[PDB]
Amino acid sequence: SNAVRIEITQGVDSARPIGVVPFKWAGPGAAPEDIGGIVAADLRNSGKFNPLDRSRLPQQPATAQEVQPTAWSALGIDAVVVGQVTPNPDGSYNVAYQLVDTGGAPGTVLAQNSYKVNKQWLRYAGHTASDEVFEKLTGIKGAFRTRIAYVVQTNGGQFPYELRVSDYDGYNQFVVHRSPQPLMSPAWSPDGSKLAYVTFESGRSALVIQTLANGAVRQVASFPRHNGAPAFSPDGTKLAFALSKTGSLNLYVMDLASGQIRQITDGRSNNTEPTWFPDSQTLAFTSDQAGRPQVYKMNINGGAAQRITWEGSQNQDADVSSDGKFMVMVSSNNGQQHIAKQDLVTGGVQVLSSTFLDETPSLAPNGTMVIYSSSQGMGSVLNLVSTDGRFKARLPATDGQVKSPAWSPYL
């Protein structure tokens, strides 16, 4: 199934032109998929390419040698993707692509690969070709094999809330957990094998970690009042989260090997929404110690908290990039609530989104794209915005109200 579907609302008119030719299907009858279409959709979804419309291709070469570079260079296109899909006698498929230069080294094969995959993984093969083309031309690792987690409120009676996972483009959706009560704040382990989330099934909040492959569930915390806002450390050793049992929200860290929980804040201010820096020892977090929520930074091993958001009436729910050079967050000014980016090297802030009641932003693992949600009151949709603010897309769920996204790590 694929309930979440990307609808581009603001394309990048000047994005790098590229030719993506339909792949040559070697079997009988109709091709099982349209791999060239997946590659073009992935490169367009990144906000960094403008694949030529299939109806305007100057030729449809089935091999690298058939590419006529002058036909593409004449259109301002300096690279062309061609490919082949062949059924194997064992019932599997070989999905091959070649990236051909049509610029300064016309006809040269810049990159190529061939993937032996079972039917279930044909989309994954297409995404692998996209990832290689994207990285070969931009020097940035591709995110097309990644997944998203999100919560859908269906129209159903007994278990209306569903924590789900899908590919980043909505395909291959599956249900992680269904509940009569709201599910909130999913967070990925860095190896992509587990999701921490908050459940209200007992009637009050409980933080749990579910292993996706086998559905195993580990209880973390169910103390009185609020338990939530989980974040896994990048090194795989710790889970940070917030508990308000002390009359005020404090940050806690659980050592995943021992299950031991340590309290790392114990002041009067509410401290919540932890997000890790790449070192697995520094956290950004939300605090009300300056009145309206702002984002602070602290080392889990001791030392004072440092305020880092000095611009704007209110800032919260941060997500620090995988490289630690910037973060995205929810910035509120003049009654407007939008996704913003703060450069942690230059200190500057840029508002990225223009939708209504924007919340819970999550960065793709290459730092190029943000997934977030926008509340409609009763309803909700997901949205995408590039970290440079030029690309925008909306991500509604066909079967319900969707919110609380989290972008997976590289898979």
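A residue's number is simply how far along the shown sequence it sits, counting from 1.
The deposited model assigns a higher average Cα B-factor to 309-317 than to the other stretch when 309-317 and 127-135 are compared.
For the two regions 174-182 and 136-144, the entry's Cα B-factors average higher over 174-182. Across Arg262, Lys194, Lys238, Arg164, the greatest Cα temperature factor reported in the deposited entry is at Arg262.
Taking the PDB entry at face value, the top CA B factor among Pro51, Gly47, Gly367, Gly29 belongs to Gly29. For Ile8, the recorded CA temperature factor ranks within the middle third of the chain's modelled residues. In this PDB entry, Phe232 carries a Cα temperature factor that places it within the lowest third of its chain's modelled residues.
In the deposited entry, the Cα temperature factor of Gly335 sits in the top third of values across the chain's modelled residues. Placement of the Cα temperature factor of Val385 within the chain: lowest third of the modelled residues, per the deposited record. Per the deposited record, the Cα B-factor of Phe159 falls in the middle third when ranked against the other modelled residues of its chain.
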